[PDB]
file start18.cif (mmCIF, C-alpha atoms and all ligand atoms)
data_my_file
loop_
_atom_site.label_atom_id
_atom_site.label_comp_id
_atom_site.auth_asym_id
_atom_site.auth_seq_id
_atom_site.Cartn_x
_atom_site.Cartn_y
_atom_site.Cartn_z
CA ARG A 1 -22.11 4.54 18.26
CA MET A 2 -20.64 2.31 15.49
CA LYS A 3 -18.64 5.36 14.23
CA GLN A 4 -17.23 5.76 17.80
CA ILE A 5 -16.41 2.04 17.96
CA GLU A 6 -14.65 2.25 14.52
CA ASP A 7 -12.59 5.26 15.57
CA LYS A 8 -11.53 3.56 18.90
CA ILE A 9 -10.43 0.45 16.94
CA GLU A 10 -8.32 2.54 14.51
CA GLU A 11 -6.60 4.22 17.50
CA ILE A 12 -5.99 0.79 19.08
CA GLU A 13 -4.45 -0.58 15.89
CA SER A 14 -2.27 2.52 15.59
CA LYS A 15 -1.00 2.22 19.25
CA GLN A 16 -0.47 -1.51 18.66
CA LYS A 17 1.82 -0.85 15.66
CA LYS A 18 3.90 1.60 17.77
CA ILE A 19 4.24 -1.17 20.49
CA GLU A 20 5.43 -3.64 17.72
CA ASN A 21 8.04 -1.08 16.63
CA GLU A 22 9.18 -0.48 20.21
CA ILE A 23 9.47 -4.24 20.78
CA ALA A 24 11.47 -4.62 17.56
CA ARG A 25 13.92 -1.89 18.70
CA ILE A 26 14.14 -3.51 22.18
CA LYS A 27 15.03 -6.85 20.73
CA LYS A 28 17.80 -5.24 18.58
CA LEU A 29 19.30 -3.42 21.68
CA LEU A 30 18.94 -6.64 23.73
CA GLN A 31 20.82 -8.65 21.06
CA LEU A 32 23.64 -6.05 21.35
CA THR A 33 23.78 -6.14 25.22
CA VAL A 34 23.98 -9.99 24.86
CA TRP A 35 26.82 -9.72 22.40
CA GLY A 36 28.58 -7.23 24.73
CA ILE A 37 28.32 -9.55 27.75
CA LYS A 38 29.75 -12.53 25.68
CA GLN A 39 32.59 -10.28 24.58
CA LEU A 40 33.46 -9.50 28.25
CA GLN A 41 32.99 -13.18 29.07
CA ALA A 42 35.44 -14.23 26.37
CA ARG A 43 37.92 -11.74 27.87
CA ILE A 44 37.74 -12.51 31.58
CA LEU A 45 38.05 -16.20 30.60
CA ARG B 1 -23.66 -7.38 20.20
CA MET B 2 -22.48 -3.69 20.34
CA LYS B 3 -22.39 -4.03 24.09
CA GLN B 4 -20.20 -7.17 23.67
CA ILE B 5 -17.99 -5.18 21.16
CA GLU B 6 -17.66 -2.25 23.57
CA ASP B 7 -16.67 -4.57 26.43
CA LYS B 8 -14.07 -6.36 24.28
CA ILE B 9 -12.55 -3.00 23.22
CA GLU B 10 -12.23 -1.80 26.79
CA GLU B 11 -10.44 -5.02 27.80
CA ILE B 12 -8.05 -4.60 24.78
CA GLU B 13 -7.33 -0.94 25.76
CA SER B 14 -6.83 -2.00 29.40
CA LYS B 15 -4.43 -4.78 28.33
CA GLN B 16 -2.66 -2.42 25.92
CA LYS B 17 -2.10 0.08 28.76
CA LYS B 18 -0.45 -2.62 30.87
CA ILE B 19 1.74 -3.60 27.84
CA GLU B 20 2.90 0.00 27.50
CA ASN B 21 3.71 0.06 31.25
CA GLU B 22 5.73 -3.22 30.96
CA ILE B 23 7.53 -1.85 27.95
CA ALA B 24 8.61 1.26 29.96
CA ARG B 25 9.89 -1.06 32.78
CA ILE B 26 11.81 -3.16 30.17
CA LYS B 27 13.45 -0.02 28.71
CA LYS B 28 14.56 1.16 32.19
CA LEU B 29 15.96 -2.35 33.01
CA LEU B 30 17.61 -2.41 29.64
CA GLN B 31 19.12 1.03 30.31
CA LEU B 32 20.50 -0.27 33.63
CA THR B 33 22.12 -3.33 32.06
CA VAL B 34 23.67 -1.27 29.23
CA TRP B 35 25.16 0.86 31.96
CA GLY B 36 26.34 -2.08 34.14
CA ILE B 37 28.02 -3.56 31.05
CA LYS B 38 29.69 -0.16 30.26
CA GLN B 39 30.96 -0.15 33.87
CA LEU B 40 32.49 -3.63 33.27
CA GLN B 41 33.95 -2.55 29.95
CA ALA B 42 35.74 0.49 31.42
CA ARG B 43 37.16 -1.62 34.25
CA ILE B 44 38.11 -4.66 32.11
CA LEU B 45 39.45 -2.65 29.11
CA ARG C 1 -20.24 -3.33 9.29
CA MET C 2 -20.51 -4.96 12.71
CA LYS C 3 -18.88 -8.13 11.22
CA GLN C 4 -15.87 -6.09 10.02
CA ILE C 5 -15.66 -4.54 13.53
CA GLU C 6 -15.70 -8.07 15.08
CA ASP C 7 -13.09 -9.32 12.66
CA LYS C 8 -10.76 -6.45 13.39
CA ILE C 9 -11.11 -6.97 17.19
CA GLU C 10 -10.21 -10.64 16.71
CA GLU C 11 -7.17 -9.60 14.63
CA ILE C 12 -6.13 -7.07 17.40
CA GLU C 13 -6.48 -9.58 20.28
CA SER C 14 -4.48 -12.20 18.35
CA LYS C 15 -1.66 -9.72 17.84
CA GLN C 16 -1.85 -8.69 21.51
CA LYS C 17 -1.31 -12.32 22.61
CA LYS C 18 1.79 -12.48 20.44
CA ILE C 19 3.05 -9.19 21.91
CA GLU C 20 2.57 -10.51 25.44
CA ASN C 21 4.52 -13.63 24.47
CA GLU C 22 7.35 -11.40 23.14
CA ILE C 23 7.43 -9.30 26.32
CA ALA C 24 7.67 -12.43 28.52
CA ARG C 25 10.60 -13.81 26.42
CA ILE C 26 12.34 -10.44 26.44
CA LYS C 27 11.95 -10.29 30.25
CA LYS C 28 13.53 -13.76 30.65
CA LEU C 29 16.49 -12.89 28.39
CA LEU C 30 16.93 -9.68 30.37
CA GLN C 31 16.94 -11.51 33.71
CA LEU C 32 19.62 -13.83 32.33
CA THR C 33 21.66 -10.92 31.00
CA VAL C 34 21.50 -9.23 34.44
CA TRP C 35 22.62 -12.49 36.08
CA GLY C 36 25.50 -12.77 33.62
CA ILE C 37 26.50 -9.19 34.58
CA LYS C 38 26.35 -9.86 38.34
CA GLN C 39 28.45 -13.02 37.77
CA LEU C 40 31.10 -11.01 35.86
CA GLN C 41 31.05 -8.39 38.61
CA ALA C 42 31.64 -10.91 41.38
CA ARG C 43 34.47 -12.42 39.35
CA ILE C 44 36.19 -9.10 38.57
CA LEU C 45 35.91 -7.59 42.08
CL CL D 101 -22.84 4.97 12.70
CL CL D 102 -1.62 -4.17 21.93
CL CL D 103 -26.60 -3.13 22.05
CL CL D 104 -23.52 -7.44 10.76
#

call {"tool": "encode", "arguments": {"input": "start18.cif", "output": "structure tokens"}}
result
Amino acid sequence: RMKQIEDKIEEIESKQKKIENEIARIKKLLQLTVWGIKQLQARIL
Amino acid sequence: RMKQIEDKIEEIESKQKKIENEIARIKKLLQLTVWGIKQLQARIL
Amino acid sequence: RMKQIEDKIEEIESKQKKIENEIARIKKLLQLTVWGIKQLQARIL
């Protein structure tokens, strides 16, 4: 039962690192959409 | 104690599932705003 | 062994809280980026 607990934890940690990666990539794309909007803003103004 | 550990792990998994679901919604919204901005770019440039 | 399990759970929940905080921030920034887009649209059209 402790083995089963340990294996579930290791799976949880692994899925959590993939969420951290996904969030990191999201923030990079978001920073680029923000830069794109400010570019357009500069132009129409 | 193992009961308390098992309960904690099932809340963490539950919460991690809802994080994954919010991350998918964020990616779709992000995809929509990248497209909206591309629509502006083609019309403004 | 059970202490190491508990410790790891506490590490995982702490990271989860920080992830949730990142998701909420990213959602706000996204809402603002969408607003900025809809403003440019209304101005252009
Ligand atoms: Cl065991
Ligand atoms: Cl998580
Ligand atoms: Cl027990
Ligand atoms: Cl112990």

call {"tool": "atom_distance", "arguments": {"input": "start18.cif", "atom1": "atom CA of residue 14 of chain B", "atom2": "atom CA of residue 32 of chain B"}}
result
27.7 Å

call {"tool": "residues_around", "arguments": {"input": "start18.cif", "residues": "segment 33-40 of chain A", "least_positions_apart": "5", "cutoff": "8 Å", "atoms": "all atoms listed in the file", "output": "count of residues only"}}
result
9

call {"tool": "residues_near_ligand", "arguments": {"input": "start18.cif", "ligand": "ligand CL 104 (chain D)", "cutoff": "6 Å", "atoms": "all atoms listed in the file", "output": "PyMOL selection string"}}
result
chain C and resi 1-3

call {"tool": "residues_near_ligand", "arguments": {"input": "start18.cif", "ligand": "ligand CL 102 (chain D)", "cutoff": "12 Å", "atoms": "all atoms listed in the file", "output": "number ranges by chain"}}
result
A: 9, 11-23; B: 9-23; C: 9-23

call {"tool": "closest_residue", "arguments": {"input": "start18.cif", "among": "C:31, C:7, C:42, C:26", "to": "chain A", "atoms": "only C-alpha atoms"}}
result
C:26

call {"tool": "atom_distance", "arguments": {"input": "start18.cif", "atom1": "atom CA of residue 8 of chain C", "atom2": "atom CA of residue 27 of chain B"}}
result
29.4 Å

call {"tool": "atom_distance", "arguments": {"input": "start18.cif", "atom1": "atom CA of residue 6 of chain C", "atom2": "atom CA of residue 25 of chain C"}}
result
29.2 Å

call {"tool": "decode", "arguments": {"input": "start18.cif", "residues": "segment 10-26 of chain C", "atoms": "N, CA, C and O atoms", "output": "PDB file, in the first residue's frame"}}
result
ATOM      1  N   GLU C  10       3.831  17.522   0.749  1.00  0.00           N
ATOM      2  CA  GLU C  10       3.900  18.917   1.153  1.00  0.00           C
ATOM      3  C   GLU C  10       4.647  19.704   0.097  1.00  0.00           C
ATOM      4  O   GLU C  10       4.223  20.799  -0.225  1.00  0.00           O
ATOM      5  N   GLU C  11       5.714  19.138  -0.475  1.00  0.00           N
ATOM      6  CA  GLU C  11       6.443  19.803  -1.570  1.00  0.00           C
ATOM      7  C   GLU C  11       5.487  19.956  -2.811  1.00  0.00           C
ATOM      8  O   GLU C  11       5.448  21.003  -3.470  1.00  0.00           O
ATOM      9  N   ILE C  12       4.694  18.916  -3.118  1.00  0.00           N
ATOM     10  CA  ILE C  12       3.825  18.910  -4.309  1.00  0.00           C
ATOM     11  C   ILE C  12       2.687  19.957  -4.140  1.00  0.00           C
ATOM     12  O   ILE C  12       2.381  20.717  -5.063  1.00  0.00           O
ATOM     13  N   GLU C  13       2.070  20.019  -2.964  1.00  0.00           N
ATOM     14  CA  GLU C  13       0.994  20.962  -2.743  1.00  0.00           C
ATOM     15  C   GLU C  13       1.452  22.381  -2.803  1.00  0.00           C
ATOM     16  O   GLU C  13       0.670  23.226  -3.242  1.00  0.00           O
ATOM     17  N   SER C  14       2.657  22.649  -2.275  1.00  0.00           N
ATOM     18  CA  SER C  14       3.290  23.975  -2.310  1.00  0.00           C
ATOM     19  C   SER C  14       3.495  24.406  -3.753  1.00  0.00           C
ATOM     20  O   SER C  14       3.108  25.522  -4.168  1.00  0.00           O
ATOM     21  N   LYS C  15       4.048  23.510  -4.551  1.00  0.00           N
ATOM     22  CA  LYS C  15       4.215  23.828  -5.985  1.00  0.00           C
ATOM     23  C   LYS C  15       2.878  24.031  -6.690  1.00  0.00           C
ATOM     24  O   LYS C  15       2.757  24.913  -7.556  1.00  0.00           O
ATOM     25  N   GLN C  16       1.868  23.271  -6.316  1.00  0.00           N
ATOM     26  CA  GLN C  16       0.543  23.403  -6.934  1.00  0.00           C
ATOM     27  C   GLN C  16      -0.072  24.786  -6.713  1.00  0.00           C
ATOM     28  O   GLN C  16      -0.732  25.331  -7.608  1.00  0.00           O
ATOM     29  N   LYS C  17       0.095  25.289  -5.487  1.00  0.00           N
ATOM     30  CA  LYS C  17      -0.366  26.639  -5.097  1.00  0.00           C
ATOM     31  C   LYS C  17       0.291  27.677  -5.992  1.00  0.00           C
ATOM     32  O   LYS C  17      -0.365  28.580  -6.501  1.00  0.00           O
ATOM     33  N   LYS C  18       1.580  27.561  -6.165  1.00  0.00           N
ATOM     34  CA  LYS C  18       2.306  28.465  -7.074  1.00  0.00           C
ATOM     35  C   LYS C  18       1.883  28.386  -8.550  1.00  0.00           C
ATOM     36  O   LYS C  18       1.755  29.424  -9.245  1.00  0.00           O
ATOM     37  N   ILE C  19       1.586  27.175  -9.005  1.00  0.00           N
ATOM     38  CA  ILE C  19       0.994  26.968 -10.323  1.00  0.00           C
ATOM     39  C   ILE C  19      -0.366  27.647 -10.458  1.00  0.00           C
ATOM     40  O   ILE C  19      -0.582  28.398 -11.387  1.00  0.00           O
ATOM     41  N   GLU C  20      -1.273  27.433  -9.498  1.00  0.00           N
ATOM     42  CA  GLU C  20      -2.533  28.113  -9.504  1.00  0.00           C
ATOM     43  C   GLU C  20      -2.371  29.630  -9.586  1.00  0.00           C
ATOM     44  O   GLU C  20      -3.183  30.281 -10.252  1.00  0.00           O
ATOM     45  N   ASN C  21      -1.429  30.186  -8.806  1.00  0.00           N
ATOM     46  CA  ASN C  21      -1.174  31.603  -8.828  1.00  0.00           C
ATOM     47  C   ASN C  21      -0.710  32.062 -10.218  1.00  0.00           C
ATOM     48  O   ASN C  21      -1.119  33.130 -10.673  1.00  0.00           O
ATOM     49  N   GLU C  22       0.120  31.249 -10.869  1.00  0.00           N
ATOM     50  CA  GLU C  22       0.571  31.549 -12.254  1.00  0.00           C
ATOM     51  C   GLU C  22      -0.594  31.527 -13.232  1.00  0.00           C
ATOM     52  O   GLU C  22      -0.743  32.430 -14.041  1.00  0.00           O
ATOM     53  N   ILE C  23      -1.406  30.498 -13.184  1.00  0.00           N
ATOM     54  CA  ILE C  23      -2.603  30.420 -14.043  1.00  0.00           C
ATOM     55  C   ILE C  23      -3.534  31.671 -13.852  1.00  0.00           C
ATOM     56  O   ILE C  23      -4.069  32.236 -14.807  1.00  0.00           O
ATOM     57  N   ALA C  24      -3.739  32.085 -12.616  1.00  0.00           N
ATOM     58  CA  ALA C  24      -4.653  33.228 -12.428  1.00  0.00           C
ATOM     59  C   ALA C  24      -4.084  34.514 -13.069  1.00  0.00           C
ATOM     60  O   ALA C  24      -4.785  35.193 -13.784  1.00  0.00           O
ATOM     61  N   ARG C  25      -2.781  34.759 -12.897  1.00  0.00           N
ATOM     62  CA  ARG C  25      -2.052  35.870 -13.489  1.00  0.00           C
ATOM     63  C   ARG C  25      -2.115  35.795 -15.026  1.00  0.00           C
ATOM     64  O   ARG C  25      -2.503  36.767 -15.721  1.00  0.00           O
ATOM     65  N   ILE C  26      -1.806  34.615 -15.555  1.00  0.00           N
ATOM     66  CA  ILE C  26      -1.862  34.437 -16.986  1.00  0.00           C
ATOM     67  C   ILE C  26      -3.290  34.708 -17.476  1.00  0.00           C
ATOM     68  O   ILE C  26      -3.470  35.326 -18.508  1.00  0.00           O
TER      69      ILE C  26
END
